[PDB]
Structure formats: structure tokens, C-alpha cells
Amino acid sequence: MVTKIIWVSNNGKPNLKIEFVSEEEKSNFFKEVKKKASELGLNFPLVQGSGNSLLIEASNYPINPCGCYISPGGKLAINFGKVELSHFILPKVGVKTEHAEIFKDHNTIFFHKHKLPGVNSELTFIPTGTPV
């Protein structure tokens, strides 16, 4: 699983760090997400961080809409370019309605402030069928 996500700031811009239980899981996610982005004609700025982590880098509107940005209201937002990429990614990360505003026919989510309030805030996930 994705163990946690972290709002980080790199070179003054918001990124989302994504940690995995293993390097194998990280590598599979990287490959699958890059494949899906390519099939959708998108340059999705998912980059390597470490053996077990990746980063989603900042958006570059209007050249490339995909990536992280801070919304006017101060929420960490991620634009996935197309709804199909958001739909593909979110269940693999574990992001659900309790974590973010998610719209069925739109390409962008907004993390709730109370879940990810700022830089270096972390959000951990519950493994699906974990015993008490």
C-alpha cells in the first residue's frame, strides 16, 4: 500500500510526496501511472524520490496543467489533466472523500485543510482489511 502522503515544498513550489511499503510497489505504481498518463496524452509530473517514494511536482499552467498547486482558499490541489487519470490514481493512493473534495467529472481534487493543513503535513492510510 501507499503508507502515507506528505505535502512538501521544493524550490518554493508544492509537491506531494508518496511513500510505499516497498520499492517493488513504488516501481509498479510509477510504471502503471506513467503508462496511463501516456495513453491519455498527458505529461504527468510524477518523479522518483527514493527507493520507496515518489513526488508529484507542481503544475505549470498553461503549458502543462498537471500537478500540484495551492488553491486561492489555501488547499493543496492536484490537477490530473483528465478525469480518467484521477480515477486511476486515487484508489491506488487510498485517497477518498474523507481526505479530499473529489468531483465525478473533473480532473482536479482539493485536500481538506483539516487533513493536510500545510507544508510537511502527513496523511496516513488504513490498510483495507486490517484486524483491530
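One rule holds for the numbers: they count along the sequence shown, beginning at 1.
When the two stretches 49 to 57 and 69 to 77 are set side by side, the higher mean Cα temperature factor goes to 69 to 77. Higher mean CA B-factor, judged across 97 to 105 and 25 to 33 from the recorded values: 97 to 105. Sort the modelled residues of the chain by CA B factor and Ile5 lands in the lowest third.
Ranked within its chain, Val83 lands in the middle third, by CA B factor from the PDB record. Among all modelled residues in this chain, the alpha-carbon of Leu123 has a temperature factor (C-alpha) in the highest third.
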